[PDB]
Structures are given as C-alpha cells and as structure tokens.
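Remarks on the overall topology
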2 protein chains.
Amino acid sequence: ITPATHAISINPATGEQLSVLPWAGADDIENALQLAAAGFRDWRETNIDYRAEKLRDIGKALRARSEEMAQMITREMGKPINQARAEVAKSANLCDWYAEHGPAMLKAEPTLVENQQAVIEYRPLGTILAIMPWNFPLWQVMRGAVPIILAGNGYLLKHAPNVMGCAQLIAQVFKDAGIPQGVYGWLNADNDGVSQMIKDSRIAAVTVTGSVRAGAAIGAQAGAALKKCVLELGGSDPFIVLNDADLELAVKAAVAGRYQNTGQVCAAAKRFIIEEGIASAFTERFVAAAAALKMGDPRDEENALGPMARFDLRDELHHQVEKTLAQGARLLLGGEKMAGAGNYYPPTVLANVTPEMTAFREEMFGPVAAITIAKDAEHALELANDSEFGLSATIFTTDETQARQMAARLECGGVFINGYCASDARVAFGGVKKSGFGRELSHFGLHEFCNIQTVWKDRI
Amino acid sequence: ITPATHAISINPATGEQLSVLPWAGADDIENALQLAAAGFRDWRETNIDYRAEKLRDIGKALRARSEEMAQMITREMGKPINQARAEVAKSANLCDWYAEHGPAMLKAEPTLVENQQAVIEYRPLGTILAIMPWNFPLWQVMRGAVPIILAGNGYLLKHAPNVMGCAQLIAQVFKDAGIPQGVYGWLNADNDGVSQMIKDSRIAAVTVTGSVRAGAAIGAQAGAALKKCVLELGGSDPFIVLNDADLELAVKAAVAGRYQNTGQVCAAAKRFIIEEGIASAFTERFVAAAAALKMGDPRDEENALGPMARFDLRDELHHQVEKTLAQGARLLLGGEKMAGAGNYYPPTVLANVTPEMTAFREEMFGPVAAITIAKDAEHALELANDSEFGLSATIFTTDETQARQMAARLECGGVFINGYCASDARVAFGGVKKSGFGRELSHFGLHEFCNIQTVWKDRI
Ligand SMILES: NC(=O)c1ccc[n+]([C@@H]2O[C@H](COP(=O)([O-])OP(=O)(O)OC[C@H]3O[C@@H](n4cnc5c(N)ncnc54)[C@H](O)[C@@H]3O)[C@@H](O)[C@H]2O)c1
Ligand SMILES: NC(=O)c1ccc[n+]([C@@H]2O[C@H](COP(=O)([O-])OP(=O)(O)OC[C@H]3O[C@@H](n4cnc5c(N)ncnc54)[C@H](O)[C@@H]3O)[C@@H](O)[C@H]2O)c1
C-alpha cells in the first residue's frame, strides 16, 4: 500500500500504521456529486429556523462523541489530548453560536431605494467543495461547514489523506444529527478527483485551507471553471514586542502563540520581532519558558507538546533549521530530531534571524521560534510586513495609540494587541497576500458562499 | 496598422479610423506598476473624509467635460448621444453618492466580544487591476474605480482596445480632479501585459467585466497568482410574463430592457419567456413596439438605436440569428445587416425559440429578442434557469406572492418584479454561474477589495 493508491493513517507518536483507504473511483465521485445535487435541491427549500435547530443537533451529536473524537484526532496527527478535547468543545460551541446568531445575519437587507422597493437577499449558492488540512481535523471542517450549511448550501469535504479516520467520524456525527448525506458529504478523492469535481457543474464553489502551493493549484482550477474560491493558506505571523511592553504577559502569549498544537497552526506566532532595548530580556525569558514545556506521548495530559503529525514535515522543518543556522542564526534551544520511532521535535529557538534567512522567509510549521531584533517601532513594522504572508499579527506595547496606528499599517487580516491570537466565531478570520483571500467566521463565513440577490419591485 | 500591434478606434457609424495606439512595452508596464505601488503607499495613509472630498472633485471634473465625454463615447462605440450623456450623468452622481454614504460603510464594526475588545476594520488592499469593456466605456470604469479608490486602494485600468479615446479622456478627468499619481492609472496592455501584471506582487487583486471567455482566462491567472478576482461576465437574462401581467407595462419594459444601448447590455432582457395564454398578445405588441424604434446616426437625438460597436460582432450576431432561424425559429422583425458603411443592425425579434437553439443558449449581445413559449409558471421558471448565465431576471405578474417565490428560485443575482432592470448604486450587482461571482455597488463594491481586519485588544 502506497500513497499513489491509498490514503494512509500513521500514529506519529509510535510510527505504527493505523488505516488505509483507496482513492475514490469514478463511480464514487459520480455518486457523491449526485447525492450532493439532490441534497442541496431539498436543503435549499428548508426553513432557516429548521436549519438552525439542526445545527444544535450537530452540537449535541458532537458532544456525545467528544472523547471518541478527541482520541481519534490525537491518534492520527499527534495533538495533545487536552488540545484535541478543546478543539471538540470549540467546534460544538460553534454550532450553538451560529444557531443563535446566524439567522439574524441571513435576514433580508433593506436598501436606500425609495418606497421600500428593493431588498438584498442571501440565497444559497449550491454545493461547496472543501479541501481541508490535518492540523485541526475537526475545527477546520466545522469552521466552514457550520455557516455554509446554515445558509442553505451543501458541503462536500475532501479531507487530508492522513486524517480519514477523523473524516469518517465527522460524517458519523452529522449522520447522528439528522443532516442529510447530500448536505454534508465527503470523498477520499486524489488530486485528479478534485480537478474533476471543480469542473463539474454540481459544484458551485470551492474553499481551500492548506499550503500556498495547494491554494495556487486549486485557485487556478476554480478560476478556470468560473467557480468562486476562498483560500486560507497559512502564514508567518509577526509577534512585535516594544520596549514599554508588559514583558511577562508578552512572553506567556509568545510561548503559547508559537508552541500551540506543536507549532502547527496557520496563525501561530512565528516571527518574533523585538525592539532592541528589551530584546535581551525577552529572549532569555522566552527561552526559559519554552524550555519548561514538556513533550511526549500526547495521551499523557502532562505533555504540552506531542509529536509532529507528518514525518516528512519534521524532516522539512529540521532542514529549514539547518539552513537558517548555516546562514548565520544562533541556536538557543532544541534544534535536533529526537531519536526513536516517534516524530518528535523539541521546542526550538533561533536568534539573530535576519530577513534574508529561511526561518524568516518561509513558514515554520513546527515548534521553532525565530527572533529578530528591531531598531525601533518603525523598523519592527517594516520587518513585520516584509513577508509573503499576511494572516495575523500580535503587538505588545502599553502605548495603545501606537498600537492602533501600527495595526492600521499591518498587512494582515488580524491584529491582537496585548493578548493571545486565536480564531473566534465572533470575529473575522483570513488574511492577505500569499495567505489567501476571503474571510471566515462571524457573518463573513455565512455570506462568502451566498448568492447576494437584489430583489427590486416596481422600478418604474 | 494591424490589431496585432495597435489598439484601433473605428467609428461604427461611418467605418472611418479614429486613432491608433501601440501596445505598452515591458518598460511601460514596469513604469505603471512602480507608480501604482508608490501612489497606493501614500493614498492608503490619507483620511477617509479627504478621499470623499476628492470623489466630489472627480464628479465636478467629469461634469465639466460632460459633453466632451459623451461625444467621445458616441463616436468610438456608437451609443446614441442621449444615452451617452445619461452615462456621464450617472457616473458623476456615483461619485457624489459614494462620497456621502461610503465613509459610513467603512467605519469600524462592533462585535459580540465582551467589553468592546474587538472591532472589524476595513483596510485598503492595494492596487486593483481592472479589465473593462466597451459597452459602457465610462460607467464600467467608474462603477469600480469610485468605491475602490474611496477605500484607499489604487486602480489600474486596462480598457478595451476600441475605446482608448474614452480611457485617455477619463484619465484627464482624474488629472483635472487632482487624483494623485498612481492612484488612478491606465495602460494599453495586450493580453501578455495583463498576464505579466497579474503575476506581479504590486497588483493586489483583479476585477474583470467582459465575456465569459475572458473571465475564465483571467480568473485562472488570478487564482494561480493567489489574487482575488471579481468577475462580471454578462448574461442571458430571462424576462418572464405570466397571464395575469400588466401587458402594457410588460411590453414597455421588455422593449426598453432588450434594446437599450442597441442591445449591448450585460443585464439586458434577452430571453423572453411568456406564458401560453398571453403569448400571442405579448408577441404582437412587442413586435409593434420594437418596430417603432428609430435607428440611425447616434449623434441625432431622434434615434433610439445607433449602430453596433464592432463590425465583427454584428457579423457574429447575424450568424447567431441565421443559425437560430435554421434551427426552426421564425423571423418576426429585422434579421438582416443594413447595407452601407455603418455597422447597423435593426431591431430583431425571433419567435418559436426552443431551449436547444443558439439564441437561447448563447448571449445575444445585440438588438435581437428571443421569444419562448412557456406552458405555465413552473415551466417558465425552468426555462429561465436553463442557462449557463445567471446575472439578472425580470418577472411580470400581478400575483406578487408567486413573483417573490419565483425570485427565491431564480438562479441569478438580481430579480426585478414588474419593473425595468438596471444597475443602481444603492443595490448589489453581479450574478452566479458563468455570469461570474462577486458583487459591485452599494457596500459590496466597497468591501470586495478591502482587507477585512479583526483588531482585538486584551484577549486574555
Ligand atoms: N493551517 C494551514 O493553513 C495549514 C495546514 C496544514 C499545512 N499547511 C502548510 O502545508 C505544509 C504541508 O502540509 P500539507 O502537505 O498537508 O499541505 P497540503 O496543502 O499539501 O495539504 C492540504 C490539503 O490540500 C490538499 N491538496 C494539496 N494539493 C492538492 C492538489 N494539487 N489538488 C487537490 N488537493 C490538494 C491535500 O490533500 C490536503 O487535503 C505545512 O508544512 C504547512 O506549511 C498549512
Ligand atoms: N457587459 C459585459 O459583460 C460584456 C461587455 C462586452 C462584451 N461582452 C461579451 O463579450 C463578447 C465580445 O465582446 P468583447 O470582445 O469586448 O469581449 P472581451 O472579453 O474579448 O473584451 C472584454 C475585455 O476583456 C479583455 N480581455 C479579453 N480576453 C483577455 C485575455 N485573454 N487576457 C486579458 N484580457 C482579456 C479585452 O481586452 C477587453 O478589455 C460580447 O459579444 C458579449 O457577449 C460582455
């Protein structure tokens, strides 16, 4: 069994093979598209309040399998078990939040046209094809699926090939909730199967969460097929610390921001840009706090980090570390693959990272922090924006005026001032530049895949 | 002077060559990209109220050359002079409308996050590349340029090669208004130049109004370069008349909707779908009302129709008519090229048009009406959605409940009930399916090319 024929699950903590699943054939793809078409046809006619109730049924079904879901996440991609439980809880609360606030976001919108002649309606678009990654096997799916389905659309998941056990579990949860299989479906399609579905008329639009290379390859096919796409393609988020900052809170938020999910977060704090006056105190405190993180078996709740999900990606990450050191960076912590059958990489800190270095120009999708010195606040802003990515950012300073001014000049989709960066249903999510385009969550995730339809009566 | 080397303007009323313009070279492309990046860098730092005032300056500069602009539009693409003056007036009013209402649409947006810790901000994205067509040489530019610039973005126009006289005049209007260097620019680029700019990092996003073939070609490039794009690619709008409709008003709106701008409108009434009970009366009234339209020299205000804009497109439209007649349709009016040096095509009506015929499946971008009989309202809805396009639609019926129900099932971005289909700053514009995606005008045209940015303080 090889990836050329099957999707393979391997426990990254032990290296043992878990499951295999062959790619969907031509009959599977045709059957999936037929049921998605029939499902949307009936789902688009349901009441908005009925769909809001079905969202609550999803949240109830998810909580009824919360531990079964979290264990599957931890087993397949190595997430610490309490972070997998938090992912389940966050995904279930998302169902309840959209159930309460979603309908009001989908109400018809009045216009300034006289005599109440014109309103704006949010109509369903069709079946949305979703390409999702492995770092949050449940949350990445629910973040789009919940608002997409509430808007009357269908959702067809093409999950990452190393988390198909999570994909089947999610499908079972939707089945438990009474969601018709044409409204929520899934396929184990290879890249050619995705290309075929993008060209198929039964797919209305596409959404992609993954690498820059995956978004560029899929975004070109969606544009060629005249399908709207939303791309969320990770980032290299800057974490700015000025001299007047709450240093202790900044270090806590820096450590959590970088090493959450063993570093494998799109909006993780990756480029730490510290003003020169406070850089020595920050660096020493950051290394001390990163060194206090326990790493090991993700089923053991005492471990803050588990193994990295993919063996090839740990090799890639370590190669990036070696290149950055060879270019002139200094190693302050970790920086070597752990011996054993597990895919473990320890918390790592690189200092003296200049903008020409690998760890500054590429996404470090693992437990490796890069620390860059800034001459002043203007240099820090320039350093923050000197990146191909632009998903999110953090600024730590007690001068809230300068913080508001820097936020307005940061080329990214989210700015956190003196706090922990995270995605939340109540705020928009998504970035600019090579991080992609399109916004998720809040009312943005509801409207991105809606036919915004003007209805105008008696225009005479 | 071959189109392979020059952009050529030809007066369609006479056939005389007006002007030539060589394609921009590599230097000209690089120059404009540099000035656009420099212009945006300074424009994004200005106050919103300053830019709103400059919008009022654009409207003043446009009205100051209103007759010069309208005569240029009529001369280069053949629009009747009164419709060209109306285009100028509608474009200037768009400047004042966004100047008044735009700033409020760009204010920070509150969230449900407790204690007012998180707001949504609408930041500029960058320089927007615009690919525009010849049917509304001014309005198509202003519909995007006014909101795009107001939100702090830059605007780089690649106009259609037969209306470069209009493009230069438009640039003179922005220069008269004092719009800075690089905020509004334009290039006489060929298709390779557009490809070069899409791949360039100084272009943040693309917008395209034109054919389906152009949108698929440009949209594929935008996705491959990870640039968001908005595509408005014309349509084959259905015009449904049920048995209980106000026949007199329906006929007036049908004629106005089809033969406006000599039929060269993306949201024109193209496929007339009439219930069998009223079909005979509607058809006879439509032929008689279309026959009362005067056609001739577009500088003469008595003429409701001018010549078609492009000689090759009249040849293609007539080929579409000949194919539809050969497929079984009946000719009720017009249906033959006018002899002479002008590019004149008379008002044309085709009856017995079935869904398998050319005039039903392709866009008839000229003064040719296609009439299809529907058995009942359910059949009319099926006939309306049986199309690759989906820009807009019209329903005429005194049963307003049935009209609203059909509007919810019409696969298009705009539905007009008992009125005249048109675009308006106060409502959304844009469609679905092969008509493209994304919305223009109102707050949609402002937000499509904004960096929607979450700003969240003290998330602890
Ligand atoms: N949160 C994120 O944005 C995120 C998540 C995981 C990985 N990544 C980035 O991607 C890197 C590699 O991890 P990865 O290999 O899993 O990313 P990936 O893009 O290759 O996998 C992401 C998803 O896209 C799909 N995909 C990839 N190429 C495709 C194609 N040509 N056609 C159709 N579908 C395609 C994959 O099957 C998967 O479902 C990581 O190191 C990280 O930099 C980002
Ligand atoms: N309002 C509209 O949506 C609209 C306007 C004009 C034409 N059309 C449709 O298109 C048909 C032909 O008219 P047209 O020739 O002007 O359409 P067109 O698409 O060829 O021209 C539209 C614009 O797109 C540009 N363009 C086209 N192909 C391109 C490419 N490969 N790369 C870069 N830029 C490209 C053109 O230069 C022009 O500026 C019409 O008969 C009608 O069906 C629609």
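**What to know about the UniProt feature "active site" in chain A**
Residues and elements named next belong to chain A. Within this structure's numbering, the places UniProt gives as "active site" are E232 and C266. These annotated residues cover 35 residues of sequence, and their C-alpha atoms all fall within 8.6 Å of one another, placing them together at a single site. Within the element layout of this structure, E232 appears in strand β9 (residues 229-232). Using a relative accessible area of 2% as the deciding quantity, one classes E232 as buried. Beyond its immediate chain neighbours, meaning those up to four positions away, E232 contacts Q140, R143, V208, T209, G210, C266, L391, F429, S435 and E440. Inspection of the secondary structure puts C266 in the loop between α9 (247-259) and β11 (269-275). Excluding residues that lie within four positions of it along the chain, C266 makes contacts with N135, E232, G234, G235, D237, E363, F365, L391 and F429.

**A short note on the nonpolar core**
Within the largest apolar cluster, 152 residues are counted, with the highest numbers of intra-cluster contacts made by A:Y155, A:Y184, B:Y155 and B:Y184. When sequence neighbours within four positions are dropped, the list of residues in contact with A:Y184 reads A:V141, A:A145, A:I149, A:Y155, A:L157, A:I170, A:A171, A:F174 and A:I179.

**Focus: the interface of chain B and chain A**
Counting residues at the interface gives 66 residues for chain B and 65 residues for chain A. Between chain B and chain A lies a buried interface of about 5400 Å² when both sides are counted; carbon and sulfur atoms form 57% of it. Broken down residue by residue, the surface that chain B buries against chain A is led by B:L226, B:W456 and B:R459, which jointly contribute 13%. Taken together, the connections running from chain B to chain A amount to seven salt bridges. Ionic pairing is found between A:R409 and B:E45, a salt bridge with its closest N-O pair at 3.4 Å. Taken together, the links from chain B to chain A amount to 33 residue pairs in polar contact. Those elements giving two or more residues to the side of chain B that touches chain A turn out to be α4 (81-105), β4 (118-124), α8 (212-224), β9 (228-232), α14 (400-409), β16 (414-417), α15 (442-447) and β18 (450-457) of chain B. Looking at the side of chain B that touches chain A residue by residue, the class counts come to 34 nonpolar, 13 polar and 19 charged.

**Observations concerning the site of ligand 2**
Residues and elements named next belong to chain B. The environment of ligand 2 is made up of 26 residues, and the closest members are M132, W134, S211, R213 and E363. At 2.9 Å, a side-chain N or O of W134 approaches an oxygen atom of ligand 2. Considering ligand 2 on its own, with 800 Å² of exposed area, one finds that the protein chains cover 87% of that surface. Within the residue set of the shell around ligand 2, elements represented by two or more residues are α7 (191-199) and α8. A per-class count over the shell around ligand 2 returns 14 nonpolar, seven polar and five charged. Residue-level mapping places the shell around ligand 2 at the junction of two domains, with at least three residues from each of domain 1 (6-233 + 435-456) and domain 2 (237-422).

**Focus: the sheet that holds strand β6 (residues 154-158) of chain A**
Residues and elements named next belong to chain A. Reading across the sheet, the six strands line up as β7-β6-β5-β8-β9-β17 and stay open at both edges, with mixed pairing between neighbours. For this open sheet the edge positions go to β7 (184-186) and β17 (436-437), each flanked by a neighbour on one side alone. Judged from the five bridges that link them, strand β5 (residues 127-131) and β6 form a sheet pairing that is parallel. Bridged to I131 within β6 is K158. Along the sheet, helix α1 (residues 26-43) contacts β5, β6 and β8 (203-209); its crossing angle with β5, the most-contacted strand, is approximately 130°. In this fold helix α5 (residues 139-150) packs onto β5, β6, β7, β8 and β9, with an angle of close to 160° to the strand it touches most, β6.

**Thoughts on the site of ligand 1**
All names here are of chain A. Residues in close proximity to ligand 1 total 24 residues, the closest being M132, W134, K158, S211 and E363. Note that a nitrogen atom of ligand 1 is positioned 3.3 Å from one of the side-chain N or O atoms of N135. Summarising the interface, the protein chains cover 83% of the accessible area of ligand 1, which totals 800 Å² for the free molecule. Taken together, the elements giving at least two residues each to the shell around ligand 1 come down to α7 (191-199) and α8 (212-224). Of the residues assigned to the shell around ligand 1, the class counts are 13 nonpolar, seven polar and four charged. When residues are assigned to domains, the shell around ligand 1 turns out to be shared by domain 1 (6-233 + 435-456) and domain 2 (237-422), each giving three or more.

**Thoughts on the packing of aromatic side chains**
To describe a pair of aromatic rings, you give the distance between the ring centres and the angle between the ring planes. Residue and element names in this part refer to chain A. A full pass over the atoms with the stated rule returns 24 aromatic pairs over all chains. Seen in terms of ring centroids, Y259 and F286 are 6.1 Å apart; in terms of plane orientation they differ by 35°. Their pairing is tilted. One end of the pair, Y259, is in helix α9; the other, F286, is in helix α10 (residues 276-291), and 27 residues separate them in sequence. Classification of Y259 as buried rests on a relative accessible area of 3%. Ring centres of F282 and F286 lie 5.6 Å apart, and the angle between their planes is 25°; this geometry places the pair in the stacked category. Of this pair, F282 and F286 are both found in helix α10, four residues apart, which corresponds to roughly one turn of the helix.

**Some remarks on the relation of the copies chain B and chain A**
Rotating chain B by 179° and moving it 0.1 Å along the rotation axis overlays it on chain A with an RMSD of 0.2 Å. The superposition operator between the copies reduces to a two-fold rotation axis. When each C-alpha of chain B is compared by its distance to the rotation axis, B:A220 comes out closest, at 2.2 Å. A symmetric contact is evident, with 98% of the interface residues of chain B recurring at the interface of chain A.

**Overview of the side chain of A:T283**
Residue and element names in this part refer to chain A. Looking at the secondary structure, you find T283 in helix α10. Given the relative accessible area of 13%, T283 is considered buried. Those residues in contact with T283, other than ones at most four positions away along the chain, are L332 and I371.

**Some words on helix α14 (residues 400-409) of chain A**
Every α-helix carries 3.6 residues per turn, so stepping three or four residues along brings you back to the same face. Every buried residue belonging to α14(A) is among A:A403, A:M406 and A:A407, and all of these are buried. Angular distribution of buried residues about the axis of α14(A) spans 105°; they occupy a single face of the element. Along α14(A), the residues that are exposed and aim more than 90 degrees away from the buried face are A:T401 and A:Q405. Elements that come into contact with the buried residues of α14(A) comprise β10 (237-241), α13 (377-385), β15 (393-396) and β16 (414-417) of chain A together with β4 and β18 of chain B. Capping of α14(A) at its N-terminal end is provided by A:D399; its side-chain oxygen lies 3.2 Å from the backbone amide nitrogen of A:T401.

**Some remarks on the domain arrangement of chain A**
All names here are of chain A. Structurally, chain A comprises domain 1 (6-233 + 435-456) and domain 2 (237-422). Centre-to-centre separation of domain 1 and domain 2, based on C-alpha positions: 30 Å. Here domain 1 and domain 2 share an interface that buries about 2000 Å² over both sides, 56% of which is from carbon and sulfur atoms. Of all residues in domain 1, the largest losses of buried area upon contact with domain 2 belong to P12, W134 and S435, amounting jointly to 26% of the total for that side. Linking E301 and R85 is a salt bridge whose minimum nitrogen-to-oxygen distance equals 2.7 Å. In this assembly, domain 1 and domain 2 are joined by nine residue pairs in polar contact. Breaking the side of domain 1 that touches domain 2 down by element, the ones donating at least two residues are α3 (66-77) and α4 (81-105). Of the residues that constitute the side of domain 1 that touches domain 2, the class distribution is ten nonpolar, ten polar and four charged.

**A closer look at the pattern of salt bridges**
Within the structure shown, the criterion is met by 57 salt bridges over all chains. Note that A:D96 is salt-bridged to A:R63, the shortest N-O span being 2.6 Å. Here A:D96 is found in helix α4, whereas its partner A:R63 is found in helix α2 (residues 48-64), with 33 residues between them in sequence. Residue B:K433 is joined to B:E411 by a salt bridge in which the shortest nitrogen-to-oxygen separation is 3.1 Å. Of this pair, B:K433 sits in the loop between β16 and β17 (436-437) while B:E411 is found in the loop between α14 and β16, placing the two residues 22 residues apart along the sequence. Salt bridges linked by common partners bring A:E30, A:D200 and A:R202 together as one network.

Cut-offs and rules
- Residues numbered from 1 in each chain as written, not as in the entry; some residues may be left out.
- Chains lettered and ligands numbered in written order.
- Heavy atoms only, no water.
- UniProt positions renumbered as here; feature names shortened; annotations may be inferred.
- Helix = DSSP H or I, 4+ residues; strand = E, 2+ residues; numbered from the N terminus.
- Buried < 20%, exposed > 50% of the residue type's maximum accessible area, 1.4 Å probe, protein only.
- Contact = heavy atoms within 4.5 Å.
- Core = buried A, V, L, I, M, F, W, Y, C linked by side-chain atoms within 4.5 Å.
- Buried area = accessible area lost by both parts, 1.4 Å probe.
- Salt bridge = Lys/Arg side-chain N within 4 Å of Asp/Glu carboxyl O.
- Polar contact = N/O pair within 3.5 Å; in protein donor to acceptor, adjacent residues only side chain to side chain.
- Nonpolar A, V, L, I, M, F, W, Y, C, P; charged D, E, K, R; others polar.
- Near = heavy atom within 4 Å.
- Areas by Shrake-Rupley, 256 points an atom, 1.4 Å probe, with all protein chains shown as cover.
- Domains from an automatic or database assignment.
- Pairing = 2+ DSSP bridges.
- Axes fitted to C-alpha atoms, helices over the stretch in contact; angles between N-to-C directions.
- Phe/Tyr/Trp six-rings, centres within 6.5 Å; stacked < 30°, edge-to-face > 60°.
- Least-squares fit on C-alpha atoms.
- Arc of directions from axis to C-beta.

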